[PDB]
Each structure stands twice: as structure tokens, then as C-alpha cells.
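Take 2 as the starting number for the sequence shown in the UniProt record's numbering and just add one per residue. We put the CB at the ideal spot given by N, CA and C, even for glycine.
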Amino acid sequence: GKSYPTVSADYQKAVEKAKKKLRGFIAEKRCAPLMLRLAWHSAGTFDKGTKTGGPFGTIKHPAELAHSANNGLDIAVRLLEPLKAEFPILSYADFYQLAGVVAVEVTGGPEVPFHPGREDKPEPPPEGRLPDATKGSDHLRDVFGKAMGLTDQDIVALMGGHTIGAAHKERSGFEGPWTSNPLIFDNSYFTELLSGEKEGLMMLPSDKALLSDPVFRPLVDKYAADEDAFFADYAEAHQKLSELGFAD
Ligand code: HEM
Ligand SMILES: [K+]
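Here's what the structure looks like:
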């Protein structure tokens with residue numbers, strides 16, 4: 002039930018020009034994974050029952066960057082600040098979600114539809130809504146389902162975002178990439194999850210919880226066998242995530 006707001010022609014022109022500048026900047030800086038993490042941690046605080054949190058620009062606030070789950074995302078905010086200043090008409094909320102969409106595209110992933118119009122909100126949500134990497138399937142459903150309002154399919158598809166990037170012992174404490182090509186958006190996260198622990202690669206307990214759940218596991222198997230189906234479900238889930246609490 003989405004009803005996207007009207008924005009001026011000047012706003013739309015800035016969206017299009019920022020999208021191109023973000024492509025070049027994110028590719029040059031090699032920061033696609035960090036920008037995807039920034040957009041996801043912006044959006045993933047949404048609570049459907051209270052309509053609080055969500056992708057409304059609050060992740061730039063020092064109070065929210067200080068949340069433990071956001072360790073290292075101040076690097077991403079600082080990286081984007083000069084470019085954001087070239088587009089004063091855009092909300093921070095739209096700019097960070099656009100950066101996440103671009104991060105997926107420039108690494109070869111699907112083209113996630115983007116609609117402008119998010120307004121920046123004044124207060125960050127309370128800490129503690131983002132998922133815990135040491136927990137399992139029940140926790141995943143509490144966070145993605147009971148709070149955000151996403152489906153079990155969305156959970157598995159979105160966790161394929163770990164197909165790009167790595168953990169860092171100085172940030173979360175976990176260390177290493179999920180896949181052998183961590184700047185290439187493909188279905189290798191599911192390939193590695195199924196194949197078992199390879200040396201040099203890393204999987205979180207929350208990743209491994211997908212394998213034993215009766216709903217998540219068929220989805221893992223489908224995405225490992227069919228990258229096209231992963232790309233379709235990923236783009237659907239990323240769009241929903243980026244629009245939580247927005248336009249209904
Ligand atoms: C659902 C449970 C999830 C958990 C428990 C989780 C946890 C983590 C952790 C612990 C890290 C390592 C941070 C660090 O040490 O640098 C990380 C990185 C990352 N996460 Fe997730 N995450 C989840 C879902 C997602 C989703 C839904 C997305 C996006 C669609 C995502 C995108 C990323 C990316 C791209 C990185 C790599 C960042 C980099 O390379 O600097 N994650 N995640
Ligand atoms: K990959």
C-alpha cells in the first residue's frame with residue numbers, strides 16, 4: 002500500500018545527478034559494502050507498531066552512530082558529507098537510501114527501484130533494534146518480522162547482502178569476508194553458506210541459523226541454485242526495507 006509523495010522537478014533532477022555522482026564516488030572509494038550497511042542500519046530501526054525509526058536521516062546523528070551495532074558507520078557518514086553538500090535540496094534520508102541502492106548497482110547487483118520524498122526526522126530511535134549476530138531464527142523473526150514488518154522471504158534475501166563486504170575485529174569483533182569476491186554482488190553468500198567453512202571466509206551464527214530453519218533453508222537452497230531468483234527477491238526486499246514507514 003505505497004503512495005509516493007510529489008517532489009518538485011528540481012528535487013528529481015538532483016536525485017538523478019546525485020545517483021550518477023554516487024556511482025563514481027562509491028566505485029572509486031571501494032566503499033559499496035559500507036554504504037549498503039549504512040542504508041540498512043538507517044532503515045532497520047523501524048518499528049511498525051509505533052511507526053518509529055526507519056530511513057529518516059537520523060543515522061547521521063552522533064547519538065545513533067554511537068550505538069554498538071553501528072560501530073564503524075561514522076566512517077560512511079564522513080565519506081558522504083562532501084558529496085551530500087553538493088545536493089542541498091535532497092533530504093539526508095533520501096541521500097543515504099540512494100547510496101545504498103547505488104552500492105548494490107555498482108557492484109553488479111539488481112537495480113532496486115527508488116522513490117524520493119523521505120523527510121528527515123529530528124529524533125533517533127532508541128538503541129537495540131538492530132539484529133544480534135550471535136542469535137538465531139527466533140531473533141531474526143522478532144527483528145525483521147515483529148518490528149520491521151518484513152516477510153521470511155525478505156529476511157533470507159536481505160541477508161544475501163553479505164555477498165559484499167566483510168567483518169572487522171575492531172568494529173563488530175568478527176573478522177573476514179563472507180565470500181571470495183567481496184566487491185561483486187552475486188549469490189555466493191548462499192553458495193558458501195551451503196558448502197561449509199572455507200579457510201579465509203567467515204559466517205556469523207545468525208547466517209548459519211538460516212540453514213536449520215524449515216522456512217529459511219528452502220530459500221537458501223533456491224538462491225544458491227538460481228542467482229536470477231535471488232536478484233529478484235533481493236530487489237523486492239531492499240525496496241521494502243528502504244521504504245519502511247515511508248509513503249505508508
Ligand atoms: C539480519 C541479521 C544481520 C546481522 C546479525 C548482521 C551483522 C553484521 C555484522 C556483525 C557485520 C560486521 C560489521 C563489521 O565488523 O565491520 C556486518 C557487515 C555487513 N552487513 Fe550485515 N547483518 C545483518 C543483516 C544485513 C542486511 C539485511 C544487510 C543489507 C541488505 C547487511 C549488509 C552488510 C554489509 C554490506 C556488511 C559489510 C560492511 C563492510 O564491509 O564494511 N547485513 N553485518
Ligand atoms: K560476492
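Between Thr46 and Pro123, the CB-CB gap reaches or exceeds 8 Å.
Per DSSP, reduced to three states, the secondary structure at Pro126 is coil, with no helix or strand assignment.
Of the residues assessed, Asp139 falls on the exposed side of the cut-off, its CB having fewer than 16 other CB atoms within 10 angstroms. Excluding sequence positions up to five before and after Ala19, its CB lies within less than 7 Å of the CB of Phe88, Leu91, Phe96, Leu99, all in the same chain and listed in chain order. With distances taken between CA atoms, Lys147 lies nearest to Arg130 out of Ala64, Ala134, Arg130. DSSP, read as helix, strand or coil, puts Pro183 in coil. Residue environment for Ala67: exposed (fewer than 16 other C-beta atoms within 10 angstroms of its C-beta). Exposure of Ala248 is indicated by the presence of fewer than 16 other C-beta atoms within 10 angstroms of its C-beta. Residue environment: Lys14 is assigned as exposed (fewer than 16 neighbouring CB atoms within 10 Å of its CB, all protein chains considered).
Looking only at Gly54, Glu244, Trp179, the smallest Cα-Cα distance to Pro206 is reached by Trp179. For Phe26, the enclosing alpha helix (DSSP H) has its first and last residue at 10 to 30. When only Cα atoms are considered, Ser9 and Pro117 end up about 10 Å apart.
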